[PDB]
Each structure stands twice: as C-alpha cells, then as structure tokens.
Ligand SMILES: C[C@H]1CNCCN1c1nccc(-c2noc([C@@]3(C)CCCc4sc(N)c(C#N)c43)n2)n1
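The chain below stands alone and is given in structure tokens; this is the form deposited without the ligand.
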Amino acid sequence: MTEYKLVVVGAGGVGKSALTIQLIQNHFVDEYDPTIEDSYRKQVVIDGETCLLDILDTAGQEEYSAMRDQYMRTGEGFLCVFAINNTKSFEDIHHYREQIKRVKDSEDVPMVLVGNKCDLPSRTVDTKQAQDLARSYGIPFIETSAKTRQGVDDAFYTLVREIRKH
C-alpha cells in the first residue's frame, strides 16, 4: 500500500528497459541497454496516495531460471510487455502469464498487458488481438510508446491499481 514491487517482463527488444527509463527519468534515453536485470525506485502520487514503486527490469536472457522464478514469487505486480511489430513477442504473452501464475501458485496475479512501440508506422499485432487477449485474462491492456511517452505513466499506474484491488 506504500511500497509496490513491480516486475517488467517480455521478449528481447520489446522495450522493457526503455519503458522503465521513461517512467524514471521522464524522457527517452536512446541506446540504454543494461544486459543484466536492474532495479529502479520512484516516488509517485497515484489517486491521492503517495507510494514507492520498486521496479525490477528483467534481463532479456535470464541466466538462472530459479532466479527468474524467485523474482516472480517476490513480485506483487507484473507488466507483461510485447511489441506491436513483433508477433512472436505477443505470442509469448500467454506463456509469461501462466508461468507467472504457476510460479506464484495463484489463479489471480495483478497484471497489465502492454503493447509497446505504438509510434511505429506499421503494425503486425492488431489492436483487436490484444484487446481480445486482455479481456480473456480479465486484465487491462495499454498500448504504449517509450519513444513518445504515450501511455507510459498509465501503464505503471494502472498496474498499481490492479495491485490495490488484489
């Protein structure tokens, strides 16, 4: 209720780190590419309540599966990111979700579906596909751009809201 542990997950290159840095530094840091996962803290006001986002930006290729799992058990909320020009990233979502559910041994874990890079002149994942998928999960879907900052605060703030209502 004061501190929220958020985990950001998704396939390589979807913009997990870009999105996280947009939230933290309020601008688009080009060429930012930590190879190992890293954590970020931010004080924000959400619906009146001041709170601490403790954000884990996961590695594209986590070396230790058990370490991945422990991160998931410890996290309270998950930002599941795909990219709107990468169908593979979007197909991955199904597995991030049930992996997270399996690992936390729970039928209902706070999540938000994020489709990043909506500044791009092309789409391979239709908005209808993502909306239908989110509805079947009973979670919010937010289309974002770490480049233009479109939807970025909204994606993290909505995740906090999903946590508040457990």
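Just count from 1 along the sequence shown to find any residue number.
Only in words, not in the display: the form solved in complex with the ligand, which the text now covers.
Contact check for residue 46: no non-hydrogen atom falls within 4.5 Å of the ligand in the entry with it bound. Taking non-hydrogen atoms only, residue 61 approaches the ligand to within 4.5 angstroms in the entry with it bound. Residue contact check for residue 99: one or more of its heavy atoms lie within 4.5 Å of the ligand in the entry with it bound. Interface residue remark: residue 155 is not counted as part of the site for the ligand in the entry with it bound, having no heavy atom within 4.5 Å.
No residues of 139-161 lie near the ligand in the entry with it bound, the criterion being any heavy atom within 4.5 Å.
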